[PDB]
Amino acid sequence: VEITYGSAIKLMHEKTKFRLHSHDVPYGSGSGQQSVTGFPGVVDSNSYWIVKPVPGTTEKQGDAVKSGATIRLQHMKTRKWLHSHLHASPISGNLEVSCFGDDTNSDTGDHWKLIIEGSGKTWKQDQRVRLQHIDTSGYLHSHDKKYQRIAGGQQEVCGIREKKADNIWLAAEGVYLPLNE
């Protein structure tokens, strides 16, 4: 259950049970970058993310991710980074959450602080967490607000500034690399 750097995870929205999801299609407005949504179905390779450190650092694959760590989530299928910035999200006009760059292109807008809700010190499967975007201070957020025509039935994912029930997430369905000890 200990989630280590290098591990593959799904991230489930606690309230709606939808999974953090991406795919090879951009937003029409805001940044025009690759879009990110909440996806309800269980079988979906597009729901997998790799937990990574920021490139400068001592943290390595197999190290436990700590509460308070700055992390990156890289989409397995497209290699783009979970990203935010000051653009309007398409449904609710909150902070746009996108997929940015690739293996040669990452910036600080790819940085999220892991906040474990209890007194837990290392990230585990099924524990309640928030992810706070470093640059904007937006909490990764979803809700029962859905696209209709393209990607219909999938939920908006965005960033908001207050802690709420709709910004708690749980890591699930993961493959966790062995603990360096």
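Quick note: we count residues from 1 along the sequence shown, nothing fancier.
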{"property": "Entry-level comparison of average CA B-factors, 18 to 26 and 157 to 165, reporting the higher stretch", "result": "157 to 165"}
{"property": "Between 144 to 152 and 30 to 38 (mean CA B-factor, as deposited), the higher", "result": "144 to 152"}
{"property": "Top Cα B factor in the deposited entry, candidates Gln132, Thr58, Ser47, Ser67", "result": "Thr58"}
{"property": "Entry-reported Cα temperature factor of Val97, expressed as the chain third it lands in", "result": "lowest"}
{"property": "Cα B factor band for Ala172 (lowest, middle or highest third within the chain)", "result": "highest"}
{"property": "Third assignment of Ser89 from its chain's C-alpha B-factors", "result": "middle"}
{"property": "For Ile115, the third of its chain into which the C-alpha B factor falls", "result": "highest"}
{"property": "Entry-reported Cα temperature factor of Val43, expressed as the chain third it lands in", "result": "middle"}
